[PDB]
file protein22.cif (mmCIF, N, CA and C atoms)
data_my_file
loop_
_atom_site.group_PDB
_atom_site.id
_atom_site.type_symbol
_atom_site.label_atom_id
_atom_site.label_comp_id
_atom_site.auth_asym_id
_atom_site.auth_seq_id
_atom_site.Cartn_x
_atom_site.Cartn_y
_atom_site.Cartn_z
ATOM 1 N N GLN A 69 242.778 63.776 92.546
ATOM 2 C CA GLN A 69 241.973 64.552 91.620
ATOM 3 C C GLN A 69 240.792 65.151 92.353
ATOM 4 N N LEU A 70 240.284 64.412 93.331
ATOM 5 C CA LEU A 70 239.136 64.901 94.076
ATOM 6 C C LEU A 70 239.483 66.161 94.860
ATOM 7 N N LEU A 71 240.624 66.138 95.535
ATOM 8 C CA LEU A 71 241.056 67.314 96.273
ATOM 9 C C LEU A 71 241.340 68.451 95.315
ATOM 10 N N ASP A 72 241.803 68.096 94.122
ATOM 11 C CA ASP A 72 242.064 69.097 93.103
ATOM 12 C C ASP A 72 240.766 69.791 92.729
ATOM 13 N N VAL A 73 239.668 69.047 92.763
ATOM 14 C CA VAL A 73 238.364 69.650 92.541
ATOM 15 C C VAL A 73 237.977 70.532 93.725
ATOM 16 N N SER A 74 238.283 70.047 94.925
ATOM 17 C CA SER A 74 237.866 70.738 96.138
ATOM 18 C C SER A 74 238.499 72.114 96.234
ATOM 19 N N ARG A 75 239.760 72.203 95.826
ATOM 20 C CA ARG A 75 240.442 73.485 95.818
ATOM 21 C C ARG A 75 239.806 74.439 94.827
ATOM 22 N N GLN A 76 239.335 73.891 93.711
ATOM 23 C CA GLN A 76 238.681 74.719 92.714
ATOM 24 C C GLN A 76 237.441 75.317 93.318
ATOM 25 N N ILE A 77 236.617 74.469 93.917
ATOM 26 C CA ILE A 77 235.354 74.948 94.445
ATOM 27 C C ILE A 77 235.585 75.973 95.547
ATOM 28 N N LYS A 78 236.596 75.724 96.375
ATOM 29 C CA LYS A 78 236.925 76.670 97.428
ATOM 30 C C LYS A 78 237.305 78.007 96.826
ATOM 31 N N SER A 79 238.057 77.956 95.734
ATOM 32 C CA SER A 79 238.465 79.176 95.065
ATOM 33 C C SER A 79 237.261 79.909 94.498
ATOM 34 N N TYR A 80 236.269 79.159 94.032
ATOM 35 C CA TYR A 80 235.059 79.787 93.529
ATOM 36 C C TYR A 80 234.287 80.474 94.637
ATOM 37 N N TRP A 81 234.336 79.928 95.845
ATOM 38 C CA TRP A 81 233.567 80.550 96.916
ATOM 39 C C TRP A 81 234.270 81.748 97.533
ATOM 40 N N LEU A 82 235.513 81.986 97.139
ATOM 41 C CA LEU A 82 236.216 83.168 97.613
ATOM 42 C C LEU A 82 236.442 84.202 96.510
ATOM 43 N N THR A 83 236.032 83.879 95.287
ATOM 44 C CA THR A 83 236.135 84.831 94.185
ATOM 45 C C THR A 83 234.913 85.742 94.109
ATOM 46 N N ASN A 84 233.903 85.456 94.924
ATOM 47 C CA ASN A 84 232.684 86.254 94.923
ATOM 48 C C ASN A 84 232.891 87.617 95.567
ATOM 49 N N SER A 85 232.086 88.584 95.147
ATOM 50 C CA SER A 85 232.176 89.948 95.652
ATOM 51 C C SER A 85 231.789 90.072 97.123
ATOM 52 N N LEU A 86 232.475 90.966 97.828
ATOM 53 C CA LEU A 86 232.141 91.291 99.210
ATOM 54 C C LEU A 86 230.774 91.949 99.288
ATOM 55 N N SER A 87 230.023 91.639 100.337
ATOM 56 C CA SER A 87 228.740 92.291 100.546
ATOM 57 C C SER A 87 228.907 93.784 100.815
ATOM 58 N N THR A 88 229.965 94.143 101.539
ATOM 59 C CA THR A 88 230.210 95.528 101.945
ATOM 60 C C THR A 88 231.689 95.808 102.144
ATOM 61 N N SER A 89 232.047 97.087 102.134
ATOM 62 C CA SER A 89 233.376 97.498 102.549
ATOM 63 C C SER A 89 233.551 97.185 104.030
ATOM 64 N N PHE A 90 234.747 96.755 104.399
ATOM 65 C CA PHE A 90 235.032 96.323 105.760
ATOM 66 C C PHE A 90 235.128 97.459 106.770
ATOM 67 N N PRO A 91 234.653 97.209 108.000
ATOM 68 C CA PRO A 91 234.817 98.097 109.156
ATOM 69 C C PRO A 91 236.270 98.260 109.594
ATOM 70 N N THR A 92 236.608 99.441 110.100
ATOM 71 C CA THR A 92 237.923 99.683 110.677
ATOM 72 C C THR A 92 237.813 100.501 111.949
ATOM 73 N N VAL A 93 238.899 101.182 112.297
ATOM 74 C CA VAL A 93 238.931 102.013 113.493
ATOM 75 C C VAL A 93 238.323 103.384 113.200
ATOM 76 N N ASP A 94 237.005 103.468 113.327
ATOM 77 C CA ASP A 94 236.297 104.732 113.189
ATOM 78 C C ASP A 94 236.345 105.470 114.516
ATOM 79 N N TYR A 95 236.975 104.833 115.498
ATOM 80 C CA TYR A 95 237.061 105.352 116.856
ATOM 81 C C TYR A 95 237.821 106.666 116.905
ATOM 82 N N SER A 96 237.500 107.480 117.908
ATOM 83 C CA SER A 96 238.069 108.814 118.063
ATOM 84 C C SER A 96 237.792 109.642 116.821
ATOM 85 N N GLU A 97 236.519 109.947 116.598
ATOM 86 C CA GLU A 97 236.144 110.764 115.459
ATOM 87 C C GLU A 97 236.740 112.151 115.645
ATOM 88 N N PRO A 98 237.507 112.605 114.648
ATOM 89 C CA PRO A 98 238.297 113.841 114.661
ATOM 90 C C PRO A 98 237.483 115.119 114.827
ATOM 91 N N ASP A 99 238.031 116.078 115.566
ATOM 92 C CA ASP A 99 237.401 117.384 115.733
ATOM 93 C C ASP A 99 237.616 118.279 114.511
ATOM 94 N N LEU A 100 236.652 119.154 114.246
ATOM 95 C CA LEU A 100 236.783 120.144 113.186
ATOM 96 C C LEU A 100 237.296 121.470 113.731
ATOM 97 N N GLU A 101 236.966 121.750 114.986
ATOM 98 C CA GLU A 101 237.248 123.050 115.579
ATOM 99 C C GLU A 101 238.732 123.354 115.737
ATOM 100 N N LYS A 102 239.485 122.414 116.301
ATOM 101 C CA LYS A 102 240.903 122.658 116.525
ATOM 102 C C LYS A 102 241.626 122.859 115.209
ATOM 103 N N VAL A 103 241.189 122.140 114.185
ATOM 104 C CA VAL A 103 241.818 122.254 112.886
ATOM 105 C C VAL A 103 241.636 123.673 112.378
ATOM 106 N N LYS A 104 240.442 124.211 112.586
ATOM 107 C CA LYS A 104 240.159 125.554 112.127
ATOM 108 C C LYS A 104 240.973 126.568 112.891
ATOM 109 N N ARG A 105 240.995 126.449 114.211
ATOM 110 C CA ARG A 105 241.702 127.439 115.002
ATOM 111 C C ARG A 105 243.193 127.420 114.707
ATOM 112 N N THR A 106 243.726 126.235 114.437
ATOM 113 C CA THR A 106 245.139 126.118 114.112
ATOM 114 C C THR A 106 245.452 126.706 112.743
ATOM 115 N N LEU A 107 244.649 126.362 111.741
ATOM 116 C CA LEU A 107 244.903 126.870 110.400
ATOM 117 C C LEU A 107 244.755 128.382 110.361
ATOM 118 N N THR A 108 243.665 128.872 110.940
ATOM 119 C CA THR A 108 243.392 130.297 110.959
ATOM 120 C C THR A 108 244.424 131.058 111.768
ATOM 121 N N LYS A 109 244.947 130.438 112.819
ATOM 122 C CA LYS A 109 245.936 131.133 113.624
ATOM 123 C C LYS A 109 247.261 131.203 112.896
ATOM 124 N N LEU A 110 247.686 130.075 112.343
ATOM 125 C CA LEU A 110 248.964 130.031 111.657
ATOM 126 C C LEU A 110 248.959 130.913 110.424
ATOM 127 N N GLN A 111 247.812 130.990 109.762
ATOM 128 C CA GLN A 111 247.708 131.817 108.573
ATOM 129 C C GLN A 111 247.759 133.281 108.971
ATOM 130 N N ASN A 112 247.334 133.552 110.199
ATOM 131 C CA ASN A 112 247.326 134.902 110.733
ATOM 132 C C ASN A 112 248.539 135.157 111.611
ATOM 133 N N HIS A 113 249.532 134.281 111.509
ATOM 134 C CA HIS A 113 250.719 134.397 112.342
ATOM 135 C C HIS A 113 251.432 135.713 112.080
ATOM 136 N N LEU A 114 251.794 136.397 113.161
ATOM 137 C CA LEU A 114 252.378 137.737 113.095
ATOM 138 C C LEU A 114 251.546 138.715 112.277
ATOM 139 N N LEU A 115 250.227 138.608 112.373
ATOM 140 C CA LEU A 115 249.360 139.491 111.608
ATOM 141 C C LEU A 115 248.335 140.186 112.497
ATOM 142 N N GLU A 116 248.165 141.484 112.271
ATOM 143 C CA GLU A 116 247.247 142.300 113.056
ATOM 144 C C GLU A 116 245.841 142.302 112.471
ATOM 145 N N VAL A 117 245.096 141.236 112.734
ATOM 146 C CA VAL A 117 243.735 141.114 112.237
ATOM 147 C C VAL A 117 242.857 142.203 112.847
ATOM 148 N N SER A 118 241.956 142.760 112.045
ATOM 149 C CA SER A 118 241.064 143.811 112.515
ATOM 150 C C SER A 118 239.614 143.512 112.153
ATOM 151 N N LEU A 119 239.081 142.441 112.733
ATOM 152 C CA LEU A 119 237.699 142.026 112.516
ATOM 153 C C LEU A 119 237.381 141.803 111.045
ATOM 154 N N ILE A 120 236.109 141.961 110.693
ATOM 155 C CA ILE A 120 235.656 141.742 109.326
ATOM 156 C C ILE A 120 234.911 142.951 108.777
ATOM 157 N N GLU A 121 233.707 143.181 109.302
ATOM 158 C CA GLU A 121 232.797 144.233 108.840
ATOM 159 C C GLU A 121 232.322 143.984 107.403
ATOM 160 N N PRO A 122 231.111 144.458 107.070
ATOM 161 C CA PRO A 122 230.598 144.282 105.709
ATOM 162 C C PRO A 122 231.331 145.161 104.703
ATOM 163 N N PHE B 109 270.271 19.670 68.185
ATOM 164 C CA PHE B 109 271.032 19.967 66.978
ATOM 165 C C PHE B 109 272.486 20.305 67.246
ATOM 166 N N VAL B 110 273.314 20.104 66.226
ATOM 167 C CA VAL B 110 274.731 20.408 66.329
ATOM 168 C C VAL B 110 274.971 21.868 65.971
ATOM 169 N N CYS B 111 274.973 22.724 66.984
ATOM 170 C CA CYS B 111 275.170 24.149 66.769
ATOM 171 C C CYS B 111 276.656 24.456 66.655
ATOM 172 N N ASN B 112 277.265 23.991 65.565
ATOM 173 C CA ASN B 112 278.715 24.043 65.388
ATOM 174 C C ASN B 112 279.431 23.465 66.595
ATOM 175 N N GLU B 113 279.653 22.153 66.554
ATOM 176 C CA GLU B 113 280.299 21.375 67.617
ATOM 177 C C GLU B 113 279.680 21.683 68.980
ATOM 178 N N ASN B 114 278.400 22.039 68.970
ATOM 179 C CA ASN B 114 277.673 22.425 70.172
ATOM 180 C C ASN B 114 276.240 21.929 70.090
ATOM 181 N N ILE B 115 275.638 21.630 71.234
ATOM 182 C CA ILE B 115 274.270 21.135 71.231
ATOM 183 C C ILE B 115 273.357 21.915 72.164
ATOM 184 N N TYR B 116 272.258 22.398 71.599
ATOM 185 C CA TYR B 116 271.248 23.128 72.343
ATOM 186 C C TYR B 116 269.882 22.529 72.039
ATOM 187 N N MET B 117 269.070 22.317 73.067
ATOM 188 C CA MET B 117 267.703 21.867 72.840
ATOM 189 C C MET B 117 266.902 23.030 72.272
ATOM 190 N N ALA B 118 265.945 22.739 71.396
ATOM 191 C CA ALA B 118 265.109 23.793 70.837
ATOM 192 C C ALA B 118 264.154 24.335 71.895
ATOM 193 N N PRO B 119 264.225 25.648 72.160
ATOM 194 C CA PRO B 119 263.344 26.290 73.142
ATOM 195 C C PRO B 119 261.881 26.252 72.726
ATOM 196 N N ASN B 120 260.983 26.113 73.694
ATOM 197 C CA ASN B 120 259.559 26.278 73.444
ATOM 198 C C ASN B 120 259.247 27.757 73.244
ATOM 199 N N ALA B 121 258.296 28.055 72.365
ATOM 200 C CA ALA B 121 257.975 29.441 72.051
ATOM 201 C C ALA B 121 257.377 30.158 73.245
ATOM 202 N N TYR B 122 256.388 29.525 73.865
ATOM 203 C CA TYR B 122 255.683 30.144 74.972
ATOM 204 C C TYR B 122 256.603 30.417 76.144
ATOM 205 N N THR B 123 257.571 29.537 76.354
ATOM 206 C CA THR B 123 258.463 29.671 77.493
ATOM 207 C C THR B 123 259.334 30.919 77.410
ATOM 208 N N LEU B 124 259.802 31.238 76.209
ATOM 209 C CA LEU B 124 260.674 32.392 76.040
ATOM 210 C C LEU B 124 259.904 33.675 75.765
ATOM 211 N N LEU B 125 258.733 33.564 75.146
ATOM 212 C CA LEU B 125 257.890 34.739 74.990
ATOM 213 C C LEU B 125 257.432 35.199 76.361
ATOM 214 N N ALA B 126 257.035 34.232 77.177
ATOM 215 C CA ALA B 126 256.647 34.506 78.548
ATOM 216 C C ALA B 126 257.857 34.875 79.390
ATOM 217 N N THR B 127 259.034 34.418 78.977
ATOM 218 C CA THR B 127 260.261 34.809 79.658
ATOM 219 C C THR B 127 260.543 36.288 79.467
ATOM 220 N N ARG B 128 260.475 36.725 78.217
ATOM 221 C CA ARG B 128 260.688 38.121 77.899
ATOM 222 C C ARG B 128 259.590 38.966 78.515
ATOM 223 N N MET B 129 258.386 38.406 78.572
ATOM 224 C CA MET B 129 257.277 39.096 79.211
ATOM 225 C C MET B 129 257.564 39.252 80.692
ATOM 226 N N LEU B 130 258.228 38.248 81.254
ATOM 227 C CA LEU B 130 258.628 38.271 82.649
ATOM 228 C C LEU B 130 259.651 39.359 82.888
ATOM 229 N N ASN B 131 260.614 39.446 81.982
ATOM 230 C CA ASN B 131 261.697 40.394 82.134
ATOM 231 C C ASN B 131 261.149 41.806 82.039
ATOM 232 N N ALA B 132 260.217 41.981 81.110
ATOM 233 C CA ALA B 132 259.628 43.283 80.864
ATOM 234 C C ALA B 132 258.774 43.714 82.042
ATOM 235 N N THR B 133 257.898 42.824 82.496
ATOM 236 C CA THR B 133 257.003 43.169 83.588
ATOM 237 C C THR B 133 257.793 43.386 84.865
ATOM 238 N N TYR B 134 258.926 42.704 84.985
ATOM 239 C CA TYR B 134 259.785 42.897 86.139
ATOM 240 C C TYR B 134 260.413 44.279 86.088
ATOM 241 N N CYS B 135 260.832 44.679 84.891
ATOM 242 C CA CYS B 135 261.376 46.015 84.708
ATOM 243 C C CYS B 135 260.309 47.056 84.994
ATOM 244 N N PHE B 136 259.057 46.685 84.763
ATOM 245 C CA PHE B 136 257.933 47.570 85.029
ATOM 246 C C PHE B 136 257.679 47.702 86.523
ATOM 247 N N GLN B 137 257.803 46.588 87.238
ATOM 248 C CA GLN B 137 257.628 46.590 88.682
ATOM 249 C C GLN B 137 258.691 47.463 89.306
ATOM 250 N N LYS B 138 259.926 47.258 88.862
ATOM 251 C CA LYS B 138 261.036 48.059 89.341
ATOM 252 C C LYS B 138 260.830 49.514 88.955
ATOM 253 N N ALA B 139 260.239 49.724 87.785
ATOM 254 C CA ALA B 139 259.988 51.067 87.292
ATOM 255 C C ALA B 139 258.998 51.788 88.186
ATOM 256 N N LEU B 140 258.065 51.040 88.755
ATOM 257 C CA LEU B 140 257.051 51.656 89.589
ATOM 258 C C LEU B 140 257.579 51.881 90.997
ATOM 259 N N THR B 141 258.260 50.871 91.527
ATOM 260 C CA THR B 141 258.731 50.901 92.906
ATOM 261 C C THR B 141 259.775 51.976 93.188
ATOM 262 N N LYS B 142 260.580 52.307 92.189
ATOM 263 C CA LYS B 142 261.610 53.322 92.368
ATOM 264 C C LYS B 142 261.038 54.730 92.545
ATOM 265 N N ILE B 143 259.873 54.977 91.954
ATOM 266 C CA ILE B 143 259.322 56.328 91.884
ATOM 267 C C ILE B 143 258.091 56.474 92.787
ATOM 268 N N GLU B 144 257.649 55.367 93.367
ATOM 269 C CA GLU B 144 256.600 55.442 94.372
ATOM 270 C C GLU B 144 257.147 56.205 95.573
ATOM 271 N N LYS B 145 256.255 56.851 96.319
ATOM 272 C CA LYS B 145 256.630 57.666 97.477
ATOM 273 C C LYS B 145 257.562 58.811 97.111
ATOM 274 N N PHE B 146 257.398 59.361 95.916
ATOM 275 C CA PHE B 146 258.257 60.454 95.487
ATOM 276 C C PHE B 146 257.492 61.686 94.995
ATOM 277 N N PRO B 147 256.401 61.497 94.229
ATOM 278 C CA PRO B 147 255.662 62.723 93.919
ATOM 279 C C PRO B 147 255.004 63.304 95.161
ATOM 280 N N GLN B 148 255.721 64.194 95.838
ATOM 281 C CA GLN B 148 255.202 64.844 97.030
ATOM 282 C C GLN B 148 254.050 65.755 96.635
ATOM 283 N N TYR B 149 252.853 65.184 96.620
ATOM 284 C CA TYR B 149 251.662 65.897 96.188
ATOM 285 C C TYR B 149 251.134 66.907 97.193
ATOM 286 N N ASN B 150 250.549 67.971 96.659
ATOM 287 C CA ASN B 150 249.779 68.925 97.439
ATOM 288 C C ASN B 150 248.761 69.527 96.487
ATOM 289 N N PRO B 151 247.476 69.523 96.861
ATOM 290 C CA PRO B 151 246.482 70.122 95.965
ATOM 291 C C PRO B 151 246.787 71.587 95.690
ATOM 292 N N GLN B 152 247.316 72.265 96.697
ATOM 293 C CA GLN B 152 247.631 73.680 96.591
ATOM 294 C C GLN B 152 248.793 73.949 95.648
ATOM 295 N N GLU B 153 249.686 72.975 95.515
ATOM 296 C CA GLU B 153 250.988 73.237 94.913
ATOM 297 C C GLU B 153 251.419 72.227 93.854
ATOM 298 N N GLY B 154 250.485 71.424 93.365
ATOM 299 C CA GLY B 154 250.804 70.419 92.368
ATOM 300 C C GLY B 154 251.618 69.249 92.898
ATOM 301 N N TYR B 155 252.297 68.561 91.985
ATOM 302 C CA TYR B 155 253.157 67.433 92.330
ATOM 303 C C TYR B 155 254.583 67.871 92.633
ATOM 304 N N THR B 156 254.807 68.368 93.843
ATOM 305 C CA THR B 156 256.128 68.850 94.226
ATOM 306 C C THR B 156 257.153 67.724 94.295
ATOM 307 N N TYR B 157 258.377 68.021 93.875
ATOM 308 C CA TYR B 157 259.492 67.107 94.057
ATOM 309 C C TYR B 157 260.523 67.815 94.918
ATOM 310 N N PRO B 158 260.603 67.465 96.210
ATOM 311 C CA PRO B 158 261.509 68.214 97.091
ATOM 312 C C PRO B 158 262.964 68.094 96.653
ATOM 313 N N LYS B 159 263.735 69.174 96.746
ATOM 314 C CA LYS B 159 265.094 69.178 96.205
ATOM 315 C C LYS B 159 266.059 69.910 97.124
ATOM 316 N N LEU B 160 267.346 69.631 96.953
ATOM 317 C CA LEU B 160 268.403 70.330 97.678
ATOM 318 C C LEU B 160 268.508 71.800 97.274
ATOM 319 N N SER B 161 268.174 72.086 96.019
ATOM 320 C CA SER B 161 268.177 73.448 95.489
ATOM 321 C C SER B 161 267.378 73.492 94.193
ATOM 322 N N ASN B 162 267.025 74.693 93.748
ATOM 323 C CA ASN B 162 266.190 74.855 92.559
ATOM 324 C C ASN B 162 266.952 74.700 91.247
#

call {"tool": "encode", "arguments": {"input": "protein22.cif", "output": "structure tokens"}}
result
Amino acid sequence: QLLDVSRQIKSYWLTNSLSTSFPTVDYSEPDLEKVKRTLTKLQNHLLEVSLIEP
Amino acid sequence: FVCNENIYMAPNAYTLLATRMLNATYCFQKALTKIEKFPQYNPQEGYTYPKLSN
């Protein structure tokens, strides 16, 4: 019965909320530039772009 | 007494009450010993009874 109590208490100490969201692999933070050049190029694929102008 | 062409001494009350008490308590001892070492307890999992199949 004593161990039965101990498991209860252990369960109570793990039912509490996390202080924070957990860390992960934030490593190799992604570039924005290549994404732009790729999207803009593919969208302009086989297209004769002629600048912008106002 | 003559128990129909038969003779039996009159039993003492305490001897046979205690006799039946003996028989009962013996059945109780056997009742305990057969099931001892069988409730495979685990706090995590209750009173498991290991089996060949479910």

call {"tool": "atom_distance", "arguments": {"input": "protein22.cif", "atom1": "atom N of residue 158 of chain B", "atom2": "atom C of residue 146 of chain B"}}
result
6.7 Å

call {"tool": "select_by_dssp", "arguments": {"input": "protein22.cif", "residues": "chain B", "states": "strand (DSSP E or B)", "output": "PyMOL selection string"}}
result
chain B and resi 110+115+148-150+154-156

call {"tool": "resolve_selection", "arguments": {"input": "protein22.cif", "expression": "the PyMOL selection byres ((chain B) within 8 of (chain A))", "output": "list in words"}}
result
residues 150, 151 and 152 of chain B

call {"tool": "select_by_dssp", "arguments": {"input": "protein22.cif", "residues": "segment 112-143 of chain B", "states": "helix (DSSP H, G or I)", "output": "list in words"}}
result
residues 121, 122, 123, 124, 125, 126, 127, 128, 129, 130, 131, 132, 133, 134, 135, 136, 137, 138, 139, 140 and 141 of chain B

call {"tool": "atom_distance", "arguments": {"input": "protein22.cif", "atom1": "atom C of residue 107 of chain A", "atom2": "atom N of residue 119 of chain A"}}
result
15.3 Å

call {"tool": "atom_distance", "arguments": {"input": "protein22.cif", "atom1": "atom C of residue 155 of chain B", "atom2": "atom CA of residue 138 of chain B"}}
result
21.1 Å
